[PDB]
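Laid out below as structure tokens are two forms of one and the same protein chain, each shown alone and named structure 1 and structure 2.
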Structure 1
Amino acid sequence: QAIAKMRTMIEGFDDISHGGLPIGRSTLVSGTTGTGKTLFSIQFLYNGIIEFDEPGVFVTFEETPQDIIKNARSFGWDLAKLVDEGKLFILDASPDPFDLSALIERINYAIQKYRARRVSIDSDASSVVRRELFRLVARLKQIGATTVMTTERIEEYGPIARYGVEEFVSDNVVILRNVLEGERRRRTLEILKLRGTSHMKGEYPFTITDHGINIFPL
């Protein structure tokens, strides 16, 4: 009766997570700029829809839906079609040039409307942050969503996220790195923690290509 996992179908990931993302829980995906956070959270939804007909909700706070859709064309994915078919909903919480309760109600309404099984959320007292994140995680779990939530960090081998508390209130933590060494960049993915279940340890190299994320062996 240990926790079950949901397949990401992201090449390499379901192997190192031994089955995918823990179902009904949130996974924090943290990374410096341009590490593949949005791509991971899109590929999660896109594969849910295409492979399993599991509808998805994508929550954006800054990037517009138009740009998310445009950028996904880089990978040969037609997100506008999936939205039009009612398989995907891009929920725009991005500011026009905060009430967590209101946001949570909108996410819940969208999940019910689209019968969504997968959610991606992308992306000043740390006591405040800790409390609010806790509440968001709790509410998504109550709803039954399996969720990817991305977060920013500014150092490759420093704090997991910005406020030093995000990981401690997350059930699952994944870290994307983009390490510069000898003038070259190397992308890696690490599953740091999955509460109540197993996973491979340490950094695994990956690339972003025309196909999305590809994760490779040691």
Structure 2
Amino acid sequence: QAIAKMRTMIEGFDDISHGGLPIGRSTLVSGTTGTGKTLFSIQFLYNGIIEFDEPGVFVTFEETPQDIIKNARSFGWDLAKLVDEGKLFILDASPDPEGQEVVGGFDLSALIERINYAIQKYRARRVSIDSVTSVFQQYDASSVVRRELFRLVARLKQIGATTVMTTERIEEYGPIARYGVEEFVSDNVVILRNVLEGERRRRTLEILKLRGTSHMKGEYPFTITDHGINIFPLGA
């Protein structure tokens, strides 16, 4: 009765992970700016819908929904259509253009409930939470958001949602995650890197850990192309 996995259908990832992401748990995807974390979290939901008719909920802390949609057009992923069809729900949690300092955790209490009803309403099995770093920066990484983040993770587990959460790190080789996000999103960790090779950049993906199950180890090269992420498990 060891943990089962959900296929991401992201080229090469299901091989590295030996079958996909552990079902009903959160996986942290951490990486410097521009490593492809958001793209990964979108491809996860998009493939869920197209391949499996599994609805997805995308919670956005950094980008607006309109920009999420616009930026995916270059891959030929018609997110607007999936939203119109009710297969994808983009929950806008991104900063107020007229944002001010507010007190409490009522806003993140209401967020978790908003996320829960979205999941219920759209019958979603897949969830992406994009840019945990950003909501941490909204509350100066106070123990208030740390607690709420933990509450969010537990609720998702309680719901049975399979979740990707993305988060920033500052160096290619250094800590797993800025603000130690892996403490709360702790079951599974994937690290994306964008490493200088001479003057060129080489992207790699690593599954550092998946609790309760097996996976390939170390870094595997990938590219981002017109079809999104392509990872090469046998790549040079």
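Please note that residue numbering is based on structure 1, beginning with 1 at the start of its sequence. What we label the rigid core is the largest C-alpha set whose atoms superpose within 1.5 Å from one form to the other. Shifts are known only where both forms have a C-alpha.
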Only one of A80, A72, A110, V129 shifts by 2 Å or more at CA between structures 1 and 2 when the core is aligned; which is it? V129
Rigid core superposition, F168 Cα moves 2 angstroms or more between structures 1 and 2: yes
For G36, CA displacement between structures 1 and 2 after the core is overlaid, in Å: 0.3
Superpose on the rigid core and then read off how far the CA of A138 has moved between structures 1 and 2, in Å. 1.0
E181: how far does its C-alpha move between structures 1 and 2, core aligned, in angstrom? 2.6
Where exactly does the backbone move between structures 1 and 2? Looking for runs of 3+ consecutive residues, each with a CA shift of 2 angstroms or more after core alignment. 98 to 100, 124 to 135, 167 to 169
